[PDB]
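Okay, structure first, notes after.
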Amino acid sequence: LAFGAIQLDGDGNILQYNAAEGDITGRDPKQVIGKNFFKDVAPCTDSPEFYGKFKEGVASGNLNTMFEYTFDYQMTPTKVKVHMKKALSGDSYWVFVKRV
Ligand SMILES: *C(=O)/C=C/c1ccc(O)cc1
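Position one of the sequence shown corresponds to residue 26 (the authors' numbering), numbered consecutively onward.
Next comes the structure, spelled out in C-alpha cells:
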C-alpha cells in the first residue's frame, strides 16, 4: 500500500501499523507493539514538529491534528501529512500518514 495508518498511545507506544510501512520499509503491523514509535521504530520523529504536535493534543485533552512532516534518517525523503486523532477502541490515537 501507499497510505499509512498507525495507532499511537499517549505514552508513545505503537499498536498497529498498515501494510504500507511493511510493504517497502519492512515494518509489519504487529512488529511495533510495545515499541516506542518516536525512538525505537523512527528516531527522527521525537521532536517539536512531529512528536511535539502529537503531544500537544495529549497535553491538552483530546488529540486531532494534521501537519506535514518528512520521513528521513532511514526512509528516503518522503513528504507526508500526519493526521492524528483520538481513539477509544484502545487507549490511544489513530495517526494517519498521507503521502503526497
Ligand atoms: C525517522 O526516523 C523516520 C523513520 C521511518 C519513517 C517511515 C517508515 O516507514 C519507517 C521509518
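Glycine is no exception: its CB is placed at the ideal position from the N, C-alpha and C atoms.
Assignment of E74 by DSSP, reduced to helix, strand and coil, places it in the coil class. Annotation for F121: the continuous beta strand (DSSP E) segment containing it runs 118 to 124. For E93, the CB stays at least 6 Å from every heavy atom of ligand 1. The closest CA to that of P54, considering only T101, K104, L33, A84, is found on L33.
Boundaries of the beta strand (DSSP E) harbouring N89: 89 to 96, taken from the DSSP string.
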